[PDB]
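With TSV, C-alpha atoms inside, this is run10.tsv:
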```
chain	number	residue	atom	x	y	z
A	25	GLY	CA	0.00	0.00	0.00
A	26	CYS	CA	2.09	2.89	1.30
A	27	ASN	CA	5.24	3.61	-0.71
A	28	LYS	CA	7.63	3.59	2.23
A	29	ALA	CA	10.82	4.48	0.34
A	30	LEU	CA	9.47	7.64	-1.32
A	31	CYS	CA	7.35	8.80	1.61
A	32	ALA	CA	8.98	7.78	4.89
A	33	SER	CA	11.03	10.97	5.30
A	34	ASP	CA	8.42	13.62	4.51
A	35	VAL	CA	5.41	11.73	5.87
A	36	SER	CA	7.01	11.46	9.30
A	37	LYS	CA	7.83	15.18	9.18
A	38	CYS	CA	4.15	16.11	9.16
A	39	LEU	CA	3.46	13.60	11.93
A	40	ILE	CA	6.07	15.20	14.21
A	41	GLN	CA	4.37	18.54	13.55
A	42	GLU	CA	1.25	16.56	14.57
A	43	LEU	CA	-0.60	17.09	11.30
A	44	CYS	CA	-2.64	14.34	9.62
A	45	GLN	CA	-4.02	13.18	12.97
A	46	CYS	CA	-7.61	13.14	11.67
A	47	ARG	CA	-9.15	10.30	9.67
A	48	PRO	CA	-11.47	11.33	6.80
A	49	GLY	CA	-12.70	7.75	6.65
A	50	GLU	CA	-15.27	8.26	9.40
A	51	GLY	CA	-16.45	11.71	10.43
A	52	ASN	CA	-15.17	15.14	9.52
A	53	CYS	CA	-11.45	15.57	8.90
A	54	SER	CA	-10.62	19.05	10.21
A	55	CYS	CA	-6.88	18.68	9.57
A	56	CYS	CA	-7.19	17.41	6.00
A	57	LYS	CA	-6.32	20.69	4.29
A	58	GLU	CA	-3.37	21.26	6.63
A	59	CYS	CA	-2.13	17.71	6.07
A	60	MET	CA	-2.15	18.11	2.29
A	61	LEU	CA	-0.13	21.34	2.45
A	62	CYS	CA	2.53	19.75	4.67
A	63	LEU	CA	2.94	16.84	2.25
A	64	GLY	CA	3.03	19.22	-0.71
A	65	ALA	CA	4.33	17.58	-3.85
A	66	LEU	CA	4.21	14.11	-2.26
A	67	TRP	CA	0.46	14.15	-1.59
A	68	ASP	CA	-0.32	12.11	-4.71
A	69	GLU	CA	2.23	9.39	-3.86
A	70	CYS	CA	1.90	9.52	-0.06
A	71	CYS	CA	-1.63	10.46	1.00
A	72	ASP	CA	-2.25	6.73	1.53
A	73	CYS	CA	0.48	6.53	4.18
A	74	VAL	CA	-1.32	9.05	6.42
A	75	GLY	CA	-4.73	7.46	5.76
A	76	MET	CA	-6.13	10.49	3.91
A	77	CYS	CA	-6.58	8.56	0.64
A	78	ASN	CA	-7.19	5.09	-0.71
A	79	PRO	CA	-4.25	2.67	-0.97
A	80	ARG	CA	-2.25	3.15	-4.14
A	81	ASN	CA	-2.02	-0.26	-5.87
A	82	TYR	CA	-4.72	-2.80	-4.98
A	83	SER	CA	-7.15	-2.97	-7.94
A	84	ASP	CA	-6.41	-3.95	-11.55
A	85	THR	CA	-8.27	-1.23	-13.49
A	86	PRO	CA	-10.67	-3.15	-15.77
A	87	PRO	CA	-10.68	-1.73	-19.31
A	88	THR	CA	-14.46	-1.36	-19.15
A	89	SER	CA	-14.16	1.07	-16.24
A	90	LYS	CA	-13.05	3.85	-18.59
A	91	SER	CA	-15.44	5.04	-21.25
A	92	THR	CA	-15.12	8.02	-23.59
A	93	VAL	CA	-18.22	10.02	-24.46
A	94	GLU	CA	-18.81	12.65	-27.14
A	95	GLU	CA	-22.02	14.33	-28.28
A	96	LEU	CA	-22.76	14.07	-31.99
A	97	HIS	CA	-23.34	17.29	-33.92
A	98	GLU	CA	-26.71	17.65	-35.66
A	99	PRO	CA	-28.53	14.52	-34.42
A	100	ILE	CA	-31.32	13.07	-36.54
A	101	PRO	CA	-33.82	11.61	-34.03
A	102	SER	CA	-36.34	10.42	-36.62
A	103	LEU	CA	-33.74	8.17	-38.25
A	104	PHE	CA	-32.70	6.69	-34.91
A	105	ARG	CA	-36.27	5.69	-34.04
A	106	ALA	CA	-36.96	4.28	-37.50
A	107	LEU	CA	-33.99	1.89	-37.51
A	108	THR	CA	-34.54	0.87	-33.87
A	109	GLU	CA	-38.26	0.08	-33.59
A	110	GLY	CA	-38.52	-2.42	-36.43
A	111	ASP	CA	-37.01	-5.86	-36.76
A	112	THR	CA	-33.56	-4.85	-35.59
A	113	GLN	CA	-30.33	-5.66	-37.37
A	114	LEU	CA	-28.56	-8.76	-36.07
A	115	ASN	CA	-25.33	-6.76	-35.65
A	116	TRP	CA	-27.27	-4.41	-33.36
A	117	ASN	CA	-28.40	-5.21	-29.83
A	118	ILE	CA	-31.14	-2.77	-28.81
A	119	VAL	CA	-31.66	-2.00	-25.13
A	120	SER	CA	-34.38	0.23	-23.73
A	121	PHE	CA	-34.15	0.97	-20.01
A	122	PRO	CA	-35.87	3.60	-17.86
A	123	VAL	CA	-34.27	7.02	-18.17
A	124	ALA	CA	-32.07	8.15	-15.26
A	125	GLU	CA	-31.29	4.56	-14.24
A	126	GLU	CA	-27.59	5.12	-14.99
A	127	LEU	CA	-27.35	8.09	-12.59
A	165	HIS	CA	-40.01	8.40	-20.60
A	166	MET	CA	-37.43	5.74	-21.47
A	167	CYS	CA	-33.90	5.73	-22.87
A	168	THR	CA	-33.02	3.49	-25.83
A	169	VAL	CA	-29.45	2.65	-26.88
A	170	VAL	CA	-27.91	0.41	-29.54
A	171	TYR	CA	-25.02	-1.91	-28.66
A	172	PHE	CA	-22.84	-2.88	-31.62
A	173	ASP	CA	-21.86	-6.54	-31.58
A	174	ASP	CA	-18.29	-6.89	-32.91
A	175	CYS	CA	-15.63	-4.85	-31.13
A	176	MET	CA	-14.64	-1.73	-33.04
A	177	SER	CA	-12.29	1.22	-32.92
A	178	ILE	CA	-13.54	4.50	-31.51
A	179	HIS	CA	-13.41	6.29	-34.87
A	180	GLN	CA	-15.55	3.62	-36.49
A	181	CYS	CA	-17.86	3.72	-33.47
A	182	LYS	CA	-18.49	7.44	-33.90
A	183	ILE	CA	-19.09	6.99	-37.63
A	184	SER	CA	-21.42	4.04	-37.12
A	185	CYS	CA	-23.42	5.95	-34.51
A	186	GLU	CA	-23.32	9.04	-36.73
A	187	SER	CA	-24.80	7.12	-39.66
A	188	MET	CA	-27.55	6.03	-37.25
A	189	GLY	CA	-28.54	9.60	-36.33
A	190	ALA	CA	-27.64	8.99	-32.68
A	191	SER	CA	-27.39	12.01	-30.40
A	192	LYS	CA	-24.32	10.62	-28.59
A	193	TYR	CA	-22.00	7.63	-28.40
A	194	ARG	CA	-20.18	6.02	-25.48
A	195	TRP	CA	-17.03	4.01	-26.28
A	196	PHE	CA	-15.85	1.55	-23.66
A	197	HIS	CA	-12.09	1.03	-23.56
A	198	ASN	CA	-12.71	-2.68	-23.95
A	199	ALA	CA	-13.72	-1.27	-27.41
A	200	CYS	CA	-17.46	-1.94	-27.10
A	201	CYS	CA	-19.51	0.74	-28.87
A	202	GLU	CA	-22.84	2.08	-27.56
A	203	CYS	CA	-24.90	4.54	-29.61
A	204	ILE	CA	-27.16	6.77	-27.51
A	205	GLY	CA	-30.72	7.54	-28.53
A	206	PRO	CA	-32.27	10.99	-28.84
A	207	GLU	CA	-34.55	10.35	-25.86
A	208	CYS	CA	-31.78	9.46	-23.42
A	209	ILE	CA	-31.03	12.32	-21.05
A	210	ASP	CA	-27.41	11.43	-20.34
A	211	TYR	CA	-24.81	9.02	-21.81
A	212	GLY	CA	-26.84	5.85	-21.31
A	213	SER	CA	-26.03	2.68	-19.42
A	214	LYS	CA	-22.56	2.18	-17.95
A	215	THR	CA	-22.94	-1.57	-18.52
A	216	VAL	CA	-20.87	-3.15	-21.30
A	217	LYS	CA	-23.94	-4.92	-22.61
A	218	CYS	CA	-22.84	-5.38	-26.24
A	219	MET	CA	-22.56	-8.98	-27.40
A	220	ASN	CA	-19.37	-10.46	-28.91
A	221	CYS	CA	-17.03	-8.13	-27.04
A	222	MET	CA	-17.27	-8.60	-23.29
A	223	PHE	CA	-13.52	-8.58	-22.68
A	224	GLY	CA	-13.01	-6.53	-19.56
A	225	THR	CA	-15.89	-8.04	-17.59
A	226	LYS	CA	-16.12	-10.42	-14.67
A	227	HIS	CA	-15.66	-14.15	-15.30
B	25	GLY	CA	-19.92	15.69	-48.95
B	26	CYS	CA	-21.07	12.53	-50.72
B	27	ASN	CA	-18.28	10.12	-51.67
B	28	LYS	CA	-19.25	9.74	-55.31
B	29	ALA	CA	-16.60	7.20	-56.32
B	30	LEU	CA	-17.39	4.65	-53.61
B	31	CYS	CA	-21.16	5.15	-53.61
B	32	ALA	CA	-22.36	6.05	-57.10
B	33	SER	CA	-22.99	2.47	-58.22
B	34	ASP	CA	-24.84	1.07	-55.20
B	35	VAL	CA	-26.58	4.31	-54.19
B	36	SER	CA	-28.23	4.59	-57.61
B	37	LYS	CA	-29.31	0.94	-57.36
B	38	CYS	CA	-31.56	1.70	-54.39
B	39	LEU	CA	-32.91	4.79	-56.14
B	40	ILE	CA	-33.98	2.75	-59.18
B	41	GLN	CA	-35.77	0.39	-56.79
B	42	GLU	CA	-37.27	3.69	-55.52
B	43	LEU	CA	-35.99	3.32	-51.96
B	44	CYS	CA	-34.58	6.25	-49.96
B	45	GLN	CA	-37.30	8.57	-51.28
B	46	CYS	CA	-38.13	9.85	-47.77
B	47	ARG	CA	-36.19	12.58	-45.97
B	48	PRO	CA	-35.65	12.06	-42.21
B	49	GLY	CA	-34.64	15.70	-41.96
B	50	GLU	CA	-38.21	16.93	-41.65
B	51	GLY	CA	-41.06	14.62	-40.68
B	52	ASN	CA	-41.19	10.87	-40.34
B	53	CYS	CA	-39.03	8.77	-42.65
B	54	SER	CA	-41.07	5.64	-43.36
B	55	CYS	CA	-38.54	4.23	-45.83
B	56	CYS	CA	-35.48	4.72	-43.63
B	57	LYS	CA	-35.16	1.10	-42.51
B	58	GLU	CA	-35.66	-0.16	-46.07
B	59	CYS	CA	-33.10	2.31	-47.40
B	60	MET	CA	-30.45	1.16	-44.93
B	61	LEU	CA	-30.93	-2.50	-45.86
B	62	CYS	CA	-30.57	-1.77	-49.59
B	63	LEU	CA	-27.30	0.10	-48.99
B	64	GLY	CA	-26.05	-2.66	-46.70
B	65	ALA	CA	-22.33	-2.43	-46.05
B	66	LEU	CA	-22.11	1.00	-47.70
B	67	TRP	CA	-24.53	2.71	-45.30
B	68	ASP	CA	-21.72	4.18	-43.19
B	69	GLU	CA	-19.90	5.66	-46.21
B	70	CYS	CA	-22.97	6.49	-48.32
B	71	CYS	CA	-25.96	7.40	-46.14
B	72	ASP	CA	-25.08	11.05	-46.80
B	73	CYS	CA	-25.59	10.62	-50.55
B	74	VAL	CA	-29.26	9.66	-50.07
B	75	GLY	CA	-29.81	12.37	-47.43
B	76	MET	CA	-30.43	9.91	-44.58
B	77	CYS	CA	-27.38	11.10	-42.61
B	78	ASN	CA	-25.20	14.12	-42.04
B	79	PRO	CA	-22.48	14.94	-44.60
B	80	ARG	CA	-19.30	13.00	-44.00
B	81	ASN	CA	-16.44	15.53	-43.81
B	82	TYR	CA	-17.38	19.10	-42.89
B	83	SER	CA	-16.31	19.66	-39.25
B	84	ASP	CA	-12.82	19.44	-37.75
B	85	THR	CA	-13.46	17.43	-34.56
B	86	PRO	CA	-12.15	19.66	-31.74
B	87	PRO	CA	-10.11	17.66	-29.21
B	88	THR	CA	-12.30	18.99	-26.39
B	89	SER	CA	-15.37	17.33	-27.93
B	90	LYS	CA	-14.23	13.92	-26.70
B	91	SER	CA	-13.96	13.33	-22.98
B	92	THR	CA	-13.31	10.07	-21.13
B	93	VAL	CA	-15.08	9.46	-17.83
B	94	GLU	CA	-14.49	6.83	-15.15
B	95	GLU	CA	-15.98	6.48	-11.67
B	96	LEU	CA	-13.46	6.23	-8.84
B	97	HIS	CA	-13.69	3.24	-6.53
B	98	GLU	CA	-14.24	3.99	-2.83
B	99	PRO	CA	-14.75	7.78	-2.90
B	100	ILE	CA	-13.96	9.80	0.21
B	101	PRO	CA	-16.49	12.68	0.20
B	102	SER	CA	-15.31	14.25	3.46
B	103	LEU	CA	-11.82	14.77	2.06
B	104	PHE	CA	-13.16	16.35	-1.13
B	105	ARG	CA	-15.19	18.93	0.78
B	106	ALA	CA	-12.35	19.73	3.18
B	107	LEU	CA	-9.81	20.56	0.44
B	108	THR	CA	-12.39	22.47	-1.64
B	109	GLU	CA	-14.14	24.80	0.80
B	110	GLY	CA	-11.08	26.51	2.25
B	111	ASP	CA	-8.60	28.82	0.59
B	112	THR	CA	-8.17	26.71	-2.51
B	113	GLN	CA	-4.85	25.67	-3.99
B	114	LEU	CA	-3.60	27.91	-6.79
B	115	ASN	CA	-3.13	24.87	-9.05
B	116	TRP	CA	-6.84	24.11	-8.54
B	117	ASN	CA	-9.71	26.05	-10.07
B	118	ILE	CA	-12.91	25.29	-8.13
B	119	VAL	CA	-16.26	25.62	-9.89
B	120	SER	CA	-19.63	25.11	-8.26
B	121	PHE	CA	-22.62	25.15	-10.60
B	122	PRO	CA	-26.23	24.03	-10.10
B	123	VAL	CA	-26.64	20.27	-10.38
B	124	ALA	CA	-28.19	18.96	-13.62
B	125	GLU	CA	-27.03	22.00	-15.61
B	126	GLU	CA	-24.84	19.78	-17.79
B	127	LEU	CA	-27.77	17.57	-18.84
B	165	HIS	CA	-28.31	20.99	-4.26
B	166	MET	CA	-25.22	22.05	-6.22
B	167	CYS	CA	-22.38	20.26	-7.98
B	168	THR	CA	-18.76	21.22	-7.27
B	169	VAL	CA	-15.81	20.22	-9.46
B	170	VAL	CA	-12.08	20.96	-9.43
B	171	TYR	CA	-10.29	21.95	-12.63
B	172	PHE	CA	-6.56	21.25	-12.62
B	173	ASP	CA	-4.52	24.05	-14.16
B	174	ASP	CA	-1.58	22.56	-16.07
B	175	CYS	CA	-2.43	20.01	-18.75
B	176	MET	CA	-1.83	16.44	-17.63
B	177	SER	CA	-1.98	12.86	-18.84
B	178	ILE	CA	-5.08	10.81	-18.10
B	179	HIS	CA	-3.26	8.47	-15.70
B	180	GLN	CA	-1.98	11.40	-13.65
B	181	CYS	CA	-5.46	12.93	-13.79
B	182	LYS	CA	-7.04	9.83	-12.26
B	183	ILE	CA	-4.35	9.70	-9.57
B	184	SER	CA	-4.67	13.39	-8.77
B	185	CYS	CA	-8.45	13.12	-8.49
B	186	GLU	CA	-8.05	9.89	-6.53
B	187	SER	CA	-5.78	11.59	-3.98
B	188	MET	CA	-8.52	14.23	-3.66
B	189	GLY	CA	-11.23	11.71	-2.75
B	190	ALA	CA	-13.25	12.64	-5.84
B	191	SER	CA	-16.12	10.36	-6.82
B	192	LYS	CA	-15.33	10.66	-10.54
B	193	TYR	CA	-13.02	12.34	-13.04
B	194	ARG	CA	-13.61	13.59	-16.58
B	195	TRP	CA	-10.55	13.85	-18.86
B	196	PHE	CA	-10.87	16.07	-21.91
B	197	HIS	CA	-8.82	14.94	-24.90
B	198	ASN	CA	-7.26	18.38	-24.98
B	199	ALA	CA	-5.78	16.84	-21.75
B	200	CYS	CA	-7.62	19.09	-19.29
B	201	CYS	CA	-8.47	17.23	-16.07
B	202	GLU	CA	-11.71	17.75	-14.11
B	203	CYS	CA	-12.27	16.03	-10.76
B	204	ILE	CA	-15.94	15.47	-9.91
B	205	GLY	CA	-17.30	16.11	-6.44
B	206	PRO	CA	-19.33	13.67	-4.35
B	207	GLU	CA	-22.44	15.84	-4.64
B	208	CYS	CA	-22.49	15.95	-8.44
B	209	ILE	CA	-25.11	13.62	-9.88
B	210	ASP	CA	-23.42	13.01	-13.23
B	211	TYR	CA	-19.98	13.71	-14.77
B	212	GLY	CA	-20.03	17.47	-14.23
B	213	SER	CA	-19.68	20.31	-16.70
B	214	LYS	CA	-18.81	19.58	-20.33
B	215	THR	CA	-16.98	22.92	-20.48
B	216	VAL	CA	-13.17	22.83	-20.63
B	217	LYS	CA	-12.99	25.43	-17.88
B	218	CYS	CA	-9.52	24.59	-16.52
B	219	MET	CA	-6.97	27.39	-16.77
B	220	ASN	CA	-3.59	27.00	-18.53
B	221	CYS	CA	-4.80	24.36	-20.96
B	222	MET	CA	-7.54	25.67	-23.23
B	223	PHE	CA	-6.11	24.18	-26.43
B	224	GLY	CA	-9.05	22.82	-28.32
B	225	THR	CA	-11.35	25.80	-27.72
B	226	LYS	CA	-12.63	28.61	-29.89
B	227	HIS	CA	-10.34	31.56	-30.62
```
Please, can you express the file's structure as structure tokens?
Amino acid sequence: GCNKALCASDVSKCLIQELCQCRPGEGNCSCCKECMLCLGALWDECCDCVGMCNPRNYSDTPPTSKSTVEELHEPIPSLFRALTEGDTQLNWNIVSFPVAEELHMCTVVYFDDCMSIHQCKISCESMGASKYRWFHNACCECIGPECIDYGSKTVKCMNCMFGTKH
Amino acid sequence: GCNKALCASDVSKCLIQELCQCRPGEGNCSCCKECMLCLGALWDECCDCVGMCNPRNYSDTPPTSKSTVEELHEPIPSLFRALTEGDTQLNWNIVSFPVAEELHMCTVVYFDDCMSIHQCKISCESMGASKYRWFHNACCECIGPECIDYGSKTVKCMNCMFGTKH
């Protein structure tokens, strides 16, 4: 957790001054601002040592955790509805879920085969979608005109689940 | 706009069949699903030619238009408030705006100097932030515990506005 070699010198220096005596983890941390200033440049690599921040290296960042979202210029909502409602394309997985779940209803299209971001924007753009979300596992999710936000965080698109549990 | 060389053959073929006679741009487009099927693989590169989708190359995608958003594991809201409320760090620009504007109040921290995404996550993580948004101009925006969503789309962080008008 704590990087002892980098932090042992400076981290102890604050402790002698008696800073960083307050745990943010439960309750208010009055000293938190003072503790950060005493650490200075080492706060990023040493806030764990004083308990002010989560341990540095414990989780292996799944690729799905990142997604990149852009809003398409000049959306064409009528097209998006027309291609969604009817017998959908096999390449397309269509999910409608209640709007504001991610935080009437929000409908998104999940492309099957994994694709590059630039293709994903183009494919959504050809669909008239208001927005697209690109998971860093490379799953592509077009966002319908109705949807308030960026749609579901779930990597629900078939034939590219790499980056998900089991 | 239209890529004549790729699309002239196939696009005309649908027109002879009398598909793609309906404009999505105003009103319902009944034929839109049929038009896409007739184009098939060329829909991405040729939907513009039939008017079903926006012209291919007209806008120079600003870097700020993309942003990548991840939700931090194990946020520490007390720390985020403590370092925000008081006399803020010069490196940090603190913006509070009403919550749900982007779609009580949402507070975000805009790092000054432009930084890599991995540093941006770490810097937000040391701050206890629930989430971070990284603009592809490389501006970094930590997201406060209060904020419902991913915070402001604006690239409001000082000393890295590259990717914005004028």
Residues of chain A within 6 Å of chain B, counting only C-alpha atoms - could you list those as a tab-separated table (two decimals) with C-alpha atoms, keeping the file's coordinate frame?
```tsv
chain	number	residue	atom	x	y	z
A	48	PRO	CA	-11.47	11.33	6.80
A	57	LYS	CA	-6.32	20.69	4.29
A	68	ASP	CA	-0.32	12.11	-4.71
A	77	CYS	CA	-6.58	8.56	0.64
A	89	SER	CA	-14.16	1.07	-16.24
A	90	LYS	CA	-13.05	3.85	-18.59
A	91	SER	CA	-15.44	5.04	-21.25
A	92	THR	CA	-15.12	8.02	-23.59
A	93	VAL	CA	-18.22	10.02	-24.46
A	94	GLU	CA	-18.81	12.65	-27.14
A	102	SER	CA	-36.34	10.42	-36.62
A	103	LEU	CA	-33.74	8.17	-38.25
A	107	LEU	CA	-33.99	1.89	-37.51
A	187	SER	CA	-24.80	7.12	-39.66
```
> Using all atoms listed in the file, which residues sit within 8 Å of residue 171 in chain A once same-chain residues fewer than 6 positions away are excluded, as an MDAnalysis selection string?
Replying inline: chainID A and resid 116:119 200:203 217:219
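Interatomic distance, CA of residue 169 in chain B against CA of residue 227 in chain B: 24.6 Å.
Reported to one decimal place, the separation of CA of residue 87 in chain A from CA of residue 168 in chain B is 27.1 Å.
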>> Let me make sure I understand: among B:46, B:73, B:65, B:199, which one has the smallest atom-to-atom distance to residue 28 in chain B if we use only C-alpha atoms?
In response: B:73
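Neighbourhood of point (-21.2, 22.1, -11.5): residues with an atom at most 6 Å away, counting all atoms listed in the file, are residues 120, 121, 122, 123, 167, 168, 212 and 213 of chain B.
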>> Which residues are near range 36-38 of chain A? Cut-off 8 Å, all atoms listed in the file, ignore same chain within fewer than 5 positions. Put them as a PyMOL selection string.
In response: chain A and resi 43-44+59+62-63
Same residues, C-alpha atoms, saved as an mmCIF file, in the coordinates of the input:
```cif
data_model
loop_
_atom_site.group_PDB
_atom_site.id
_atom_site.type_symbol
_atom_site.label_atom_id
_atom_site.label_comp_id
_atom_site.auth_asym_id
_atom_site.auth_seq_id
_atom_site.Cartn_x
_atom_site.Cartn_y
_atom_site.Cartn_z
ATOM 1 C CA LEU A 43 -0.600 17.090 11.300
ATOM 2 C CA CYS A 44 -2.640 14.340 9.620
ATOM 3 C CA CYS A 59 -2.130 17.710 6.070
ATOM 4 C CA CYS A 62 2.530 19.750 4.670
ATOM 5 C CA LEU A 63 2.940 16.840 2.250
#
```
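Taking CA of residue 182 in chain B and CA of residue 86 in chain A as the two end points, the separation is 13.9 Å.
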>> Is it possible to get the residues within 9 Å of (-4.3, 24.8, -25.0) (coordinates as in the file, counting only C-alpha atoms) written as a ChimeraX atom specification?
In response: /B:175,198-200,220-225
N, CA and C atoms are what I want for range 73-99 of chain B; can you complete it accordingly and write them as a JSON list (two decimals), keeping the file's coordinate frame?
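Here's the written file rebuild_17.json:
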```json
[["chain", "number", "residue", "atom", "x", "y", "z"],
["B", 73, "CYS", "N", -25.22, 10.42, -49.15],
["B", 73, "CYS", "CA", -25.59, 10.62, -50.55],
["B", 73, "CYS", "C", -27.10, 10.61, -50.73],
["B", 74, "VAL", "N", -27.80, 9.75, -49.98],
["B", 74, "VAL", "CA", -29.26, 9.66, -50.07],
["B", 74, "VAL", "C", -29.97, 10.61, -49.11],
["B", 75, "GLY", "N", -29.23, 11.41, -48.34],
["B", 75, "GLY", "CA", -29.81, 12.37, -47.43],
["B", 75, "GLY", "C", -30.26, 11.82, -46.10],
["B", 76, "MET", "N", -30.02, 10.53, -45.83],
["B", 76, "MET", "CA", -30.43, 9.91, -44.58],
["B", 76, "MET", "C", -29.50, 10.24, -43.42],
["B", 77, "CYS", "N", -28.33, 10.82, -43.68],
["B", 77, "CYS", "CA", -27.38, 11.10, -42.61],
["B", 77, "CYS", "C", -26.53, 12.31, -42.96],
["B", 78, "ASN", "N", -25.91, 12.87, -41.93],
["B", 78, "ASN", "CA", -25.20, 14.12, -42.04],
["B", 78, "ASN", "C", -23.99, 13.98, -42.96],
["B", 79, "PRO", "N", -23.60, 15.05, -43.66],
["B", 79, "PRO", "CA", -22.48, 14.94, -44.60],
["B", 79, "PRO", "C", -21.21, 14.50, -43.89],
["B", 80, "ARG", "N", -20.41, 13.71, -44.60],
["B", 80, "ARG", "CA", -19.30, 13.00, -44.00],
["B", 80, "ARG", "C", -18.27, 13.95, -43.40],
["B", 81, "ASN", "N", -17.56, 14.69, -44.24],
["B", 81, "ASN", "CA", -16.44, 15.53, -43.81],
["B", 81, "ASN", "C", -16.80, 17.00, -44.00],
["B", 82, "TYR", "N", -17.20, 17.65, -42.90],
["B", 82, "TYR", "CA", -17.38, 19.10, -42.89],
["B", 82, "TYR", "C", -16.86, 19.78, -41.63],
["B", 83, "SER", "N", -16.76, 19.08, -40.50],
["B", 83, "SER", "CA", -16.31, 19.66, -39.25],
["B", 83, "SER", "C", -14.98, 19.05, -38.83],
["B", 84, "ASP", "N", -14.11, 19.89, -38.27],
["B", 84, "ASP", "CA", -12.82, 19.44, -37.75],
["B", 84, "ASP", "C", -12.99, 19.15, -36.26],
["B", 85, "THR", "N", -13.14, 17.87, -35.91],
["B", 85, "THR", "CA", -13.46, 17.43, -34.56],
["B", 85, "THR", "C", -12.54, 18.09, -33.54],
["B", 86, "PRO", "N", -13.00, 19.08, -32.79],
["B", 86, "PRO", "CA", -12.15, 19.66, -31.74],
["B", 86, "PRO", "C", -11.72, 18.58, -30.76],
["B", 87, "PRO", "N", -10.49, 18.63, -30.25],
["B", 87, "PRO", "CA", -10.11, 17.66, -29.21],
["B", 87, "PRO", "C", -10.99, 17.72, -27.97],
["B", 88, "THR", "N", -11.48, 18.90, -27.59],
["B", 88, "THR", "CA", -12.30, 18.99, -26.39],
["B", 88, "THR", "C", -13.62, 18.23, -26.53],
["B", 89, "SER", "N", -14.06, 17.95, -27.75],
["B", 89, "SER", "CA", -15.37, 17.33, -27.93],
["B", 89, "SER", "C", -15.43, 15.96, -27.27],
["B", 90, "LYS", "N", -14.40, 15.14, -27.47],
["B", 90, "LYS", "CA", -14.23, 13.92, -26.70],
["B", 90, "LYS", "C", -13.87, 14.22, -25.25],
["B", 91, "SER", "N", -14.47, 13.47, -24.33],
["B", 91, "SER", "CA", -13.96, 13.33, -22.98],
["B", 91, "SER", "C", -14.12, 11.88, -22.56],
["B", 92, "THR", "N", -13.26, 11.43, -21.65],
["B", 92, "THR", "CA", -13.31, 10.07, -21.13],
["B", 92, "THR", "C", -13.58, 10.13, -19.63],
["B", 93, "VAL", "N", -14.57, 9.36, -19.19],
["B", 93, "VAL", "CA", -15.08, 9.46, -17.83],
["B", 93, "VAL", "C", -15.04, 8.08, -17.19],
["B", 94, "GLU", "N", -14.51, 8.02, -15.98],
["B", 94, "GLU", "CA", -14.49, 6.83, -15.15],
["B", 94, "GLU", "C", -14.95, 7.21, -13.75],
["B", 95, "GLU", "N", -15.52, 6.24, -13.03],
["B", 95, "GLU", "CA", -15.98, 6.48, -11.67],
["B", 95, "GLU", "C", -14.97, 5.88, -10.70],
["B", 96, "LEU", "N", -14.46, 6.70, -9.79],
["B", 96, "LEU", "CA", -13.46, 6.23, -8.84],
["B", 96, "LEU", "C", -14.08, 5.25, -7.86],
["B", 97, "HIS", "N", -13.35, 4.16, -7.60],
["B", 97, "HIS", "CA", -13.69, 3.24, -6.53],
["B", 97, "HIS", "C", -13.48, 3.89, -5.16],
["B", 98, "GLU", "N", -14.38, 3.58, -4.23],
["B", 98, "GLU", "CA", -14.24, 3.99, -2.83],
["B", 98, "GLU", "C", -13.97, 5.49, -2.71],
["B", 99, "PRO", "N", -14.91, 6.33, -3.11],
["B", 99, "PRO", "CA", -14.75, 7.78, -2.90],
["B", 99, "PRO", "C", -14.77, 8.16, -1.43]]
```
